[PDB]
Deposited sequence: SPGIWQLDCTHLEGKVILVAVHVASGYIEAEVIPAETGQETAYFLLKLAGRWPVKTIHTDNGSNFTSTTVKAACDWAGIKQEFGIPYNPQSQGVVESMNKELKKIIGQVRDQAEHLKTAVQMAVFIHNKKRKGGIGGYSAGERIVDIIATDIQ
């Protein structure tokens, strides 16, 4: 279903990374954030929801997902929250990040290089599709 994303929080090099996975496509958005706050989650969601159609987000019960500040952003943006292939995309991202890490000074850049690669990479050879191509396809054919 074209509007469903899982959002999730993870750490590397003592920094915090917010990761959002589009479930049907495997397309990812992520960013290093300064602290694990609901405010940071809210800002991150507004950005995501302004770029893609976001209808439902799945998360866990961490306080950075259940606060007022997040709930206000979801109400404003028209996003439904649910609390409890995806654990899989998070591991793929960390592997990409590890591999490309030495091509960037800060982790924040490395993460965006990893996102670029994750979304442009092909599985199944020269003919295969990328997450980035799958998501615009899914969404494009929902508007028809």
property: Deposited-sequence ranges lacking C-alpha coordinates, in sequence order; result: 85 to 93
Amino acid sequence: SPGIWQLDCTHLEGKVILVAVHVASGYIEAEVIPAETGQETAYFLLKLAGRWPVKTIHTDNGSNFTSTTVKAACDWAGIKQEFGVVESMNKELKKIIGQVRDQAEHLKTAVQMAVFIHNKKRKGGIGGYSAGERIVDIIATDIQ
From here on, numbers count along this sequence of modelled residues.
| item | value |
| --- | --- |
| Mean temperature factor over C-alpha atoms, higher-scoring stretch between 112 to 120 and 34 to 42 | 34 to 42 |
| Given 122 to 130 and 21 to 29, the range whose Cα B-factors average higher in the PDB entry | 122 to 130 |
| Relative C-alpha B-factor of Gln103, binned into the chain's lowest, middle or highest third | middle |
| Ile135 - Cα temperature factor, lowest/middle/highest third of chain | lowest |
| B-factor third for the C-alpha atom of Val85 within its chain | highest |
